[PDB]
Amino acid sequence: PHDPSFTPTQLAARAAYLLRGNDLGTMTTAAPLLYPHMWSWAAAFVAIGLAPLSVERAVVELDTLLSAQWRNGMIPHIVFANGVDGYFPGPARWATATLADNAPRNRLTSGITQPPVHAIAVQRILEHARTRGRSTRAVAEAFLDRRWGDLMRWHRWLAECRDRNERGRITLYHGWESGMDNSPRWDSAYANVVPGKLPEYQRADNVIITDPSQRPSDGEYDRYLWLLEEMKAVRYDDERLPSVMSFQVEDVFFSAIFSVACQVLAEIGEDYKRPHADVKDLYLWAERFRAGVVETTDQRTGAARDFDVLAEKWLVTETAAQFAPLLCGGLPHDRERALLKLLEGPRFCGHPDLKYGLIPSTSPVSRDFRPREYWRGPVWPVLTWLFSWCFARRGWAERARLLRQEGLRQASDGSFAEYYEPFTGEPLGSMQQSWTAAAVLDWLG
């Protein structure tokens, strides 16, 4: 027909329909077939999407994730659904059940972590619950009573075990932990990953998404899977990873998210009278990781750089992660204006060929840009949501509104795509992606 777009009520209805369709009972899959398990930072965004629909079920999603938390406080990036195949690497390949002393009992999980967006989801649940009356507030408050300690142990694990030199940046041992699997950010670190005798495997992801231009290459997957072998060889021991891992990077976007999450969780702790020692620690980490992000920044543009710990070199790339300081604050006034100018100008949101005024995952003017290839170019609704929410929290009400308006216009086809081609708007990756529906529901719920 003359316009395939849905009205706001039709789109909200379809988004909620999707999220309930991806519910296995106590966990929501990240997508129906491509990602048929619970991913950690996806579960946070799913809980945000569920909060306008059912505070009780949003709380269940976070409870299920936190029940898979490791003994040392790490939240693993995948919690596998029982008896579910069609995703590789599955639990057999990770072997955390047999090898990892800290793995949970009676959950199957991966052995790496992912960004700490969870406190943001807790804030959204509390904000919805407070509009819904007493029994709903009681549900959310009982969740805090039950899980405050687990959330603290999660933030403490990050601060103590992935920032062992108190530099205020999080070290990753796998690009998957960044959430941006094949970002140009990691190319030079991955070039220093040399697989040994890698056990044979067959990919599953590109059986579902068959267009090779939309997913990482076989050579990249070989490196992803080899890092798993290096972790397995030391039984996922935190104390041994710095000595054996071929990939060790400080992720400045993860670090900025953690700064925000600490500040958010500290404000929740004050509001709900959690222990003062915990609130103090959270504000201290918020400050430390804010400073750690600012320390990376370009002196002209304010752009944030990742750091290769093995090579001891700043990683300079032109991706959306450069805008990490906008999330957590801390740049001097003049440099933050330069960074906003970069965000809005012809290298990113202002590029003249963009269909929507949204942030591409890699700058279209970078030689690394590929308009279809996962994190090397496409526009991701999940990132649009996170930037809009963080911008509103900075006080940039109009910038946040414009991102939401363009993100809703992009989503109004109802495909709920994982990511979109930046110039044509073609939906790419998995359709029926839960956190894309969640973004739409929060923007409308």
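All residue numbers refer to positions in the sequence shown, first residue = 1.
Between 142-150 and 207-215, it is 207-215 that carries the larger average Cα temperature factor according to the deposited entry.
The PDB entry records a higher mean C-alpha B factor for 80-88 than for its counterpart among 180-188 and 80-88. Of the candidates 237, 336, 251, 127, it is 237 whose Cα B-factor is highest according to the PDB record.
The PDB entry assigns the greatest CA B-factor among 326, 304, 119, 311 to 311. Among the modelled residues of the chain, residue 322 sits in the middle third by CA temperature factor in this PDB entry. When the CA B factors of the chain's modelled residues are split into thirds, the value for residue 41 lands in the middle one.
In the deposited entry, the Cα temperature factor of residue 282 sits in the bottom third of values across the chain's modelled residues.
Placement of the Cα temperature factor of residue 195 within the chain: highest third of the modelled residues, per the deposited record. Among the modelled residues of its chain, residue 223 has a C-alpha B-factor that falls in the highest third, as given in the PDB entry.
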